[PDB]
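One chain is shown next in structure tokens, namely the form solved without ligand SAH.
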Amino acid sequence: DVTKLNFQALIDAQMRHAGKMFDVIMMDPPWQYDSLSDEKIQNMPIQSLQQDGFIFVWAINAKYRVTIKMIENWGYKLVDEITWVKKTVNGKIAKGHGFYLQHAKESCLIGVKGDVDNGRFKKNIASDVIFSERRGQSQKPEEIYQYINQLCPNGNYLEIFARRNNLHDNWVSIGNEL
């Protein structure tokens, strides 16, 4: 709605695919385009979307601490963090007595619940930092999708609120390969 989304169709469609819920959830919430209040985001039925696995939630500095609490409340244990270190910078003036502009960054908090000591999930992989392919891109970097794939090869993943790619505004498409 985004107040309302068909999670039930999502739940049943996936329970039929695999007989179990998602391996990884990534959330890219629209913190205050359209926005969602912190409460509405917390209120989402994440607990019914996953029983075992990881949750990845994107937060800027201002929503970092509330994203921790949110993940903890849904029943996860916070165990990792990835930083998108961007090619852009924050504003046009260096902070304090500095000369160079402050780089932009976003944090992705990572929680775990349930049984994840299987070979299904892999430890000691990839890197805890990701990079843009193009300075100023609006879509999240392809490396976060790679690093999730590495974490649970061949698993099932769900993303909620994926940010759009700026480049494709003014494009319509039909017949997309699925």
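Numbering starts at 1 and follows the sequence shown.
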property	result
No coordinates for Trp58 in a third or more of the other PDB entries	no
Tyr33 not built in a third or more of the other entries	yes
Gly119 preceded by how many uncoordinated deposited residues after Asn118	none
Of 101-109 and 86-94, the one with larger mean CA B-factor	86-94
Mean Cα B-factor comparison, 136-144 or 149-157, giving the higher one as deposited	149-157
Deposited CA B-factor, highest of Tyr33, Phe54, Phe131, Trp58	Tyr33
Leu167, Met15, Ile25, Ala162, ranked by C-alpha B-factor: the highest one	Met15
Relative C-alpha B-factor of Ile125, binned into the chain's lowest, middle or highest third	lowest
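Keep in mind that the form solved in complex with ligand SAH is missing from the display, and what follows is about it.
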query	finding
Ligand SAH overlaid from its position in the bound PDB entry: site open or blocked at 2.4 Å backbone/C-beta	blocked
Partner-facing stretch of 147-155, 124-132, 23-31, 46-54, counted where any non-hydrogen atom is within 4.5 angstroms of ligand SAH in the bound PDB entry	23-31
Proximity of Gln139 to ligand SAH in the bound PDB entry, heavy atoms at 4.5 Å	yes
Residue contact check: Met15 to ligand SAH in the bound PDB entry, 4.5 Å heavy atom	no
Partner proximity in the bound PDB entry: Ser173 to ligand SAH, non-hydrogen atom cutoff 4.5 Å	no
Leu36 within 4.5 Å of ligand SAH in the bound PDB entry, heavy atoms	yes
Direction of Cα pair change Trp58-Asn166 in the bound PDB entry, magnitude 3 angstroms or more	closer
Pairwise C-alpha change, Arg164 versus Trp58, in the bound PDB entry against this form - closer or farther, 3 angstroms or more	farther
